Every structure is written in structure tokens, then in C-alpha cells.
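K.L.:
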Amino acid sequence: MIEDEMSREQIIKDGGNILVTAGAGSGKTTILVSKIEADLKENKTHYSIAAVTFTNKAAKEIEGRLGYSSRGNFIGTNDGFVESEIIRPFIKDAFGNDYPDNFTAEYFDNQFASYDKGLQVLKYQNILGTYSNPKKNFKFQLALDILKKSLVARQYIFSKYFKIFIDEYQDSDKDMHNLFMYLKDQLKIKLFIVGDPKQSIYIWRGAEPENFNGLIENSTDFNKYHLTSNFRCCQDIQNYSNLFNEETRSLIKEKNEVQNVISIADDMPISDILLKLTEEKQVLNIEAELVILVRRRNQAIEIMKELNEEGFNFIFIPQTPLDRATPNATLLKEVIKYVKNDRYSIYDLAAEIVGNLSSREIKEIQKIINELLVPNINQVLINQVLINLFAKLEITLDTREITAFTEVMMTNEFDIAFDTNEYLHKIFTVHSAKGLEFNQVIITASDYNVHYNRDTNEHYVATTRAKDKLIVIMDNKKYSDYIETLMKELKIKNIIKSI
Amino acid sequence: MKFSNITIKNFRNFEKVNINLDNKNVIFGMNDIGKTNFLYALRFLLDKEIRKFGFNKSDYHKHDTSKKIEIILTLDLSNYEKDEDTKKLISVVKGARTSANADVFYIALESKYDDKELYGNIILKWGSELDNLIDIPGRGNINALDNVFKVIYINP
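Residue numbers (the entry's author numbering), protein chains in the order written: chain E, 1 to 499; chain A, 1 to 156.
1. Rounded to the nearest angstrom, how far is the Cβ of residue 443 (chain E) from that of residue 471 (chain E), given a contact under 8 Å?
2. Select from the segment 58-79 of chain E all residues with a C-beta closer than 9 Å to any C-beta belonging to chain A, and list them in chain order.
3. Is the number of C-beta pairs between the segment 100-107 of chain E and the segment 122-129 of chain E that are closer than 8 Å three or more?
4. Alpha carbon to alpha carbon, what distance is there between residue 213 (chain E) and residue 134 (chain A)?
5. Here's the rule: buried if 16 or more other CB atoms are within 10 angstroms of the residue's CB, otherwise exposed. What is residue 51 (chain A)?
6. Once DSSP output is grouped into helix, strand and coil, what is the label at residue 4 (chain E)?
7. Looking at chain E, which residues of the segment 120-149 of chain A have a Cβ within less than 8 Å of any of its Cβ atoms?
8. Of all the options E:262, E:487, E:97 and E:348, which has the alpha carbon lying nearest to the alpha carbon of residue 420 (chain E)?
9. Quick check on this structure: which residue in E:32, E:22 and E:457 has the alpha carbon closest to the alpha carbon of residue 12 (chain E)?
10. Starting from residue 345 (chain E), find everything on chain A with Cβ-Cβ shorter than 8 Å and list it in chain order.
11. Going by alpha carbons, who is nearest to residue 501 (chain E) out of E:436, E:462, E:242 and E:435?
12. For residue 38 (chain A) versus residue 75 (chain A), is the C-beta distance shorter than 8 Å?
13. Which residues mark the beginning and the end of the beta strand (DSSP E) in which residue 292 (chain E) is found?
14. Do residue 72 (chain E) and residue 48 (chain E) have their C-beta atoms closer together than 8 Å?
15. Given this structure, state the Cα-to-Cα distance separating residue 215 (chain E) from residue 140 (chain E), to the nearest angstrom.
16. Using 8 Å as the threshold, is the segment 197-208 of chain E in touch with the segment 171-186 of chain E, meaning 3 or more CB pairs across them?
17. Mind listing the chain E neighbours of residue 117 (chain A)? Cutoff is C-beta to C-beta under 9 Å, in chain order.
18. Rounded to the nearest angstrom, how far is the Cβ of residue 223 (chain E) from that of residue 17 (chain E), given a contact under 8 Å?
19. Does the distance from the C-beta atom of residue 322 (chain E) to that of residue 331 (chain E) stay below 8 Å?
20. For residue 53 (chain A) and residue 44 (chain A), what's the separation of their Cα atoms in angstroms?
21. Below 8 Å on the Cβ atoms is my guess for residue 81 (chain E) versus residue 50 (chain E); work out the distance and round it to an integer in Å.
22. Less than 8 Å between the C-beta atoms of residue 14 (chain A) and residue 122 (chain A), yes or no?
23. Three or more C-beta pairs closer than 8 Å, one from the segment 254-273 of chain E and one from the segment 302-318 of chain E: is that the case here?
24. Would you please verify whether the beta carbon of residue 9 (chain A) is less than 8 Å from any beta carbon of chain E?
25. Between residue 352 (chain E) and the ligand ZN, is the CB less than 7 Å from at least one heavy atom?
26. Rounded C-beta distance between residue 426 (chain E) and residue 315 (chain E)? I'm assuming under 8 Å.
27. Between the Cα of residue 21 (chain E) and the Cα atoms of E:363, E:227 and E:158, which residue gives the shortest distance?
28. Give the DSSP-derived three-state secondary structure of residue 36 (chain E) in the structure shown.
29. Terminal residues of the continuous beta strand (DSSP E) containing residue 19 (chain A)?
30. Could you confirm whether any beta carbon from chain E is found closer than 8 Å to the beta carbon of residue 62 (chain A)?
31. With a threshold of 8 Å between beta-carbons, can residue 113 (chain A) be considered close to chain E, or not?
32. Could you pull out every residue in the same chain whose Cβ sits closer than 8 Å to the Cβ of residue 324 (chain E), ignoring the five residues on either side in sequence?
33. Measuring CB to CB, does residue 175 (chain A) end up less than 8 Å from residue 70 (chain A)?
34. State the DSSP-derived secondary structure class of residue 379 (chain E), mapped to helix, strand or coil.
35. Do you know how far the Cα of residue 307 (chain E) is from the Cα of residue 313 (chain E)?
36. Ends of the alpha helix (DSSP H) at residue 182 (chain E)?
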């Protein structure tokens, strides 16, 4: 069943090396979990798997969907994989008995630029350091040298681990690609690779997109796959979601009736009909997550003040200044979650600093953001951010971002509220609905687009952001004359359900 | 030293029960099952003779639902400023409390799910705060907590 179903069924029963070229987020980790659940249940031996992600928070999300197991699986960051499976058990063997086995590995102080000087840090003062260049990895190269030198490290990593599951391979430097190819060449360990080639790579400074894209052009021993992640459940919404104007119309197959699309409204009595699919037809469920996407945020308040009189108690979340696409959007949003929730744990913010594995250095950055607990709007915001910036590198990714960062906490409250708790009945504009998928949706056909008849991305996100059900309702004449054109040129007249 | 409260996050009869504690506790009521499960929770926290057997399938809230058991106890480690019992009370453990001016000590219990190998795997952690608890160091069969508390159980 087109590109969604056949990509899933050809990825479950495979048994070789896998290179998945998934899309721009929105559920690449669904297939990572579903393959692991299929692989662990199929294999009944003592061999275990290893799942590698960059951030520590996504490692807990993979662990949360999986559950728990006592098979000896490793779920976590790549820094925790190299430091605990190769270096720490086998440092005293490969590089002499005098080398110590226990150390603390800080990546905040050392900036050395020599490999032979790097062992002097480990041997003398019990500190494991890092290279000077972002385009280097002292930890991953040491794991390659220990595995190449000692024997019992090679007797470990083949006989415990079945297949290493890799994620965000696109922003990976030379050293980690050398080790992960070394495990495939000699030691014969299968690999699973996901990512999107090029298309605005971020995270873990030092990227090198010839490692990933060069593994799609000339590589041969890799079952290469297309955009495979199923962002939308079922099939009926996908046929609506594959329309736009043309091109993907040849990929649409249509049936005699539709199921998830209901069109009953003509004179919009908003409170009357939207109640009627809940009880008289059992279509909408209140306890499930209800998301309603409209534009022109003043009109959403007008809808909100109408349903506040009725009792729906609707919630609107607006466009923040930080919602513009920037490489530092992921952790800057989490920083204001630490201060404005007034109780939020420091270790959730500590679960987002790129490679993680941070012990006792969280208290160093705890004191920096604790200096931001004072309001002090004028003159403390510039320096304490730059102090927080200079500790974890990624410096001078600022000016435009810090001006927007002052704007969100301007007068300490841009609109008093923020997404700090969990609540239903949410409204998103098109400026800030990108990225996350929605269960239930009543957007009534996404009007005011016939004036252009262009900009196909704007109605694309209005259609594809739902999961399985989506409601299109005949409201506007110019919408109807636009959609009557899409009747005849689709070659199948059925868009509406009738007995 | 003074017990403050106990939180049983899951047991064979408890769902979200929080009980305040003190010295010389007296527990009564109609539900004898609840009282004997409270005493068994205390024995599971502070006695190795029941800890060495582990959790079974029947010692959960439902027999397959919410396989996650936590039993947390507070201790009130600090004493009066005119009394020198504070340092002698603290000095059993060293790395658990980062701050010398810490006030409340936590002792926690952790359980693993019972679908694989049909066993509970009781894990004990302590610390002065709820987050970033450290494991109780046990060099052999006897952990560090068993040198502190000696539990005498009387039942005719």
C-alpha cells in the first residue's frame, strides 16, 4: 500500500545493513523502536542490541517506548557507549598496566591539540579530555586504537552486540564514522542508519556531510531506503494529504467511500454542529487531544471568548520570538522552562547538552542560571547568558537570538503563560504548528487560500499535521469552486461519503 | 533522630498512600491486610532477611499493571545546635550528603518488572534529596545499611 506500508514491511523482515533516508523529523524514532521490538522478539539467542542517539533525552524516550529488559541492551548516547564498553574495561590492557582504570571525563576545561599529549592527561592527573578541533574526537579515536591493539576488546564487542542502531549520522565527524565502519568490516556487526541527508544539519558542531551523503552515492553493501517514516496513520487522510496540485496525484488511489472526513455545515453554527458529532454520531472524543489550527490570532480569541461563555475553556498558545528556525531553539526553550515553572528539575535541562554524560558539572551550570532567578531585566541578561554560553561552547550563535531571547521574557511575561503544564483544547497558528503531530482536528477545510492558488507548503502542513482523522467542511464558495477543479482532474469523482 | 513520613508508591494493597511517621508509631484499623502489608513494607525496607528473597508476582498492585514499586522513607538527620548528636549521627555515611547543612535524609526502594525471569531485584538507594540518589554500597552480601539499623521483629 504505496510508500507507507511497503517501506515498513520491507524494513521489518530484512536482515542486512540498513541505510534509511528518513524525512525532516516528525517521527523517525517510531521506526527505530518498531525495528528493535521486531529484532529482539525474532532473535532468541543471548546476543543483545545497542541503540545510539545523540541527546540523552531521546535515549529516555526510546527507553520509554521500549519498556525495560534484562538482556544487556545498551540504550544511551554514543559518549556513554565508547566510555563504558571499550575504554574503561580495557584501558589497563591495551595501553600498559600503569594506565588508570577510573577517571572523570570533563569536556569543559581541556583544549589540547595532540594525541600523544592526550595520554599524558589520562596517565598523570586522572582526567580524560577532548581535542581542540570540533572536527575531531579523542574519545572515539581512543576506542578505535584500543580495539585495534588489544584482543579481548574484540572478543567482547562481537559476542555481546548483535546490531548497533545509529541515529543522526549526518552530523558526525570522521572519527565516529571510522569506528562504526570498522565494526562492519572486520568484526562483522550489522548496522542500522537513519537520518536526513543535507537539509539544514544542526546539533554537535562539526558536521561533515560527506560521511553520510558519500555513503549513498558509491556504497553498495547497504540496503538503501527512501523516506520511510509514516507521519500520518491509516490511508484515507494520506490520499487527501498527497493531493496538493499535481505530481503526487499519480500516487493517489481512491475508493468508493471515505471514512475520516465529514462535511456537514453550511451556515456555521459553531457550538451546535461540533457538539453533534460527539453525541449524535460519536465522531469526536473530548478526552482525546483536541487541536484546532486557525490563523489570525485575534480571531482565535474571538472563538475562545465565545466558548468561554459556553464552557469549552479553550486555550491558545501564540508564536514566540524564539519560534523562528534557529540552531539553538532546542535548548533555549528548555532554559525558560527552568525559571518560569518555578519548580522544574535541573536534570531535565541537563539532559539536552548535546552528548551529555555530565556528572558534577550540572552544579556548575546550576549556579549560572540561579543568578538569572533575580528579575533584573536591564543589565544581567547579557552577561549571564554569555557566561552560560562560554561554558558549553557554541559561542557567537547570538545577536539575533539574544534579542529575541530578551523579547520573550520582556517585562518577565510576554503573555504570562507558557507551555509548562499539560492541558487540552489547544490552538496553533501556521507560524508555530510545525513539527508535532495532532490526534483530533476540526479545522473546517482550511479556507482563505483560493486568492493565491499557489504556496503549496501552507496547505500541506494544514493537512499532514493530523494523525488519522481530519475534517474538511464545505464553507466557502470560492473554496468550493477551487475544490470543484480538483474533482475532475483527479480522475476519480469520489471525495465525499454518501450511501 | 525522628522518622517523618513514608511513601509507598506501589505495593500489594497500596496505590498512592502517604503516611506521616514519628517515633513510637501505633497503627490500627479494620483492614488487617493493610496493616500487615505496611509492616511487610517496613520489613522490606529495613530487614535483609526479607530483602534477600526478592519480589514475587503477587507483590504488586495488579498482577501485571504498573510494574514500578517505590518505598521512600524520611529521616530528619539534623539535630539541635546545642546537641552534638548531629555529627555522630551523620558520620556513618560520607558521600551521600553533599552539604553539611542538609536536613532530611531519604532512603528509597526500587523494583524491576516481573515479566522476564520472574524475579523482583530489590535495589536500595539513599541520599539527602529525591533526585540523583546514589546506590547503597555493598561489598559482599551485607550492604552498608545493615550496619546502621538492626530490626527486631516480635510476633507471638
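We treat Cβ as the ideally placed atom computed from N, Cα and C, and that holds for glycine.
P.N.:
The relevant details are as follows:
1. 7 Å
2. 67, 68, 69, 70 and 71
3. yes
4. 44 Å
5. buried
6. helix
7. 131 and 132
8. Distance check between residue 420 (chain E) and each of E:262, E:487, E:97 and E:348 places E:348 closest, using alpha-carbon atoms only.
9. E:32
10. 131
11. This structure gives no information on residue 501 (chain E), because the portion of chain E shown stretches from 1 to 499.
12. Taking 8 Å as the Cβ cut-off, residue 38 (chain A) and residue 75 (chain A) do not qualify as a contacting pair.
13. 290-293
14. yes
15. 20 Å
16. yes
17. 70
18. 7 Å
19. Taking a C-beta distance under 8 Å as the contact criterion, residue 322 (chain E) and residue 331 (chain E) do not qualify as a contact pair.
20. 10 Å
21. Under the criterion of beta carbons closer than 8 Å, residue 81 (chain E) and residue 50 (chain E) qualify as touching, at roughly 7 Å.
22. With contacts defined as CB atoms closer than 8 Å, residue 14 (chain A) and residue 122 (chain A) fail to qualify as a contacting pair.
23. yes
24. no
25. Ligands displayed in this structure: none; no statement on the ligand ZN is therefore possible.
26. Indeed they touch by this definition, with Cβ atoms about 6 Å apart.
27. Comparing Cα-Cα distances from residue 21 (chain E) to each of E:363, E:227 and E:158, the minimum goes to E:227.
28. DSSP, reduced to helix, strand and coil, places residue 36 (chain E) within a helical segment of the structure shown.
29. For residue 19 (chain A), the uninterrupted beta strand (DSSP E) segment begins and ends at 17-20.
30. no
31. yes
32. 404
33. With chain A covering 1 to 156 only, the question about residue 175 (chain A) has no answer from this structure.
34. coil
35. 6 Å
36. Residues 174-185.
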